[PDB]
C-alpha cells in the first residue's frame, strides 16, 4: 500500500517558458527581463548563455508532447510567456502568434491524452513593466489581472489547472542583488518585500477574476507554486527549533500565511521581526509593507490547492546572520548544510529525502491539510544518460511522499518532475542538467533523448507503484 499511488493522483513533468522555448523575438514576441539579463549582462550567467534558442520548444512543441507521451505523463506543467502573448506587457495588444502557439501546444497535449497545467508567471516579466519598477510597483497587480484575463479567455475552455505564480520567494530575490536573478536590482530587505506584496495582491486579483468571470463556465482550479526547503534543527534544542520555525515562516509563510490560513496576513513573526529591526536601524517606517484589514480578507482563501516545489533541506540554528537589511538577516536563523548529505551539480541542492516528508507534515499542520500538488522536484548533474543519482533522488523522494500520503494522511494530489528535459538553468546556463531527457545544445535540431531516470519514471507511471528494487 505505502508503495502505490492513489488512483486519482496525477503524475507528470514540468518546464518553464524562458527555459525551453527560444524564439525570443520571433513573430511579435516582446522582450522580457531575461532577454535583457542574458543580452546585457552575460557576465552574470555561466558561459554567457542565453535562452535565445534553449530547447527550441517554440518550434519543437510536438517533440515535447511525443516524449511526454512516451513517458506516460498524465499532466504537463508548462508556463506561458507574458511577452509572447502581450508584447507590451499591458493588454492593449494581443499577439495572435502567441495565442496560436499555446493553443497548438494545449491541443496537441489533449489529442495525446495529456492534461495541461499552466503557470501564468514563471519569471519572464515584460521589460516594459520592469521599466515601471517591476514587482515592487503595486500597479503590476492590475496588469497581472489583465494578463490572466487574456489567458482564461483564450485557454480556459481547455485548461483546468492554473498556477498564478512560480516561486515568488525566488524571483523576489531579483530585487535583492545587483548580479543575481533578473532584473538584478540591489534593494535587499526593501524591494524584495515590496515585490512579494505586489505578487500576493496580484495572485488574489487573479483568483477573484477567475471566480467572477470564468469559474462557472470553465470549472477549473487555481493555485500558486511556492518553493520551500526543509529546515532541520541543528541540535534538538528549543532555541534551534524556534529558528527553524522562523525559517518556515520567512520562506513559505511569507506567501502562504496570507493566502492559506483562516486569519490571513503575513505571519506574526515576520511582521514583528522586521518591525523591530527597522526601528532599531532608525527607519520611521517598517521595511515590511502592510495589508489593511480589507486586503487581508480579500487575499485569504484565494486558493483551490497549494503547489509546492521541493528540492532540499538546510540545518537551522538559533542566531542572526546576513547583511543589514536583508530577508535572511530578518529571519533569525543561521543556515548550513550537513557535509554528509549527498551532493548534486548545484551548490544549494543536497539530497535529503526525509526532509520532503517533514515539510509535507509541516504544511499539513500549518494550513489544515490543503490539497498539495508537487509542481517541482528534481536533481542536477553535469551530463550523462546513466543518471543513477537522479534515479535515486526520484525513487527516494517519491517513497517519502508516499509515506506522507499513506502513513501521515497528507492530501498530496499530484506530482510533476522538474524537468521534462535539460534546459536553460537561469544563471547557471546550460551547465547544470535537471532533465529526465537529455538535450544536445550543440545540435540545431535539439534532439531529446531519454536518460535512465526517464525510463524509471515511465515504469513508475505505468505501474503506479515504486518498483521492488527501489524499496527499502
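Positions refer to the first chain, counted from 1.
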{"item": "Of 43-51 and 63-71, the stretch whose C-alpha atoms average the higher B-factor in the entry", "value": "63-71"}
{"item": "295-303 set against 381-389, stretch whose average Cα temperature factor tops the other in the entry", "value": "381-389"}
{"item": "Peak C-alpha temperature factor (PDB record), options 198, 218, 225, 275", "value": "218"}
{"item": "Peak C-alpha temperature factor (PDB record), options 245, 131, 97, 167", "value": "97"}
{"item": "Among modelled residues of the same chain, the CA temperature factor third for residue 18", "value": "lowest"}
{"item": "Record-listed C-alpha B factor of residue 37: chain third", "value": "lowest"}
{"item": "Assigned third (lowest, middle, highest) for the C-alpha B factor of residue 110", "value": "highest"}
{"item": "Entry-reported Cα temperature factor of residue 160, expressed as the chain third it lands in", "value": "highest"}
{"item": "Residue 441 - Cα temperature factor, lowest/middle/highest third of chain", "value": "highest"}
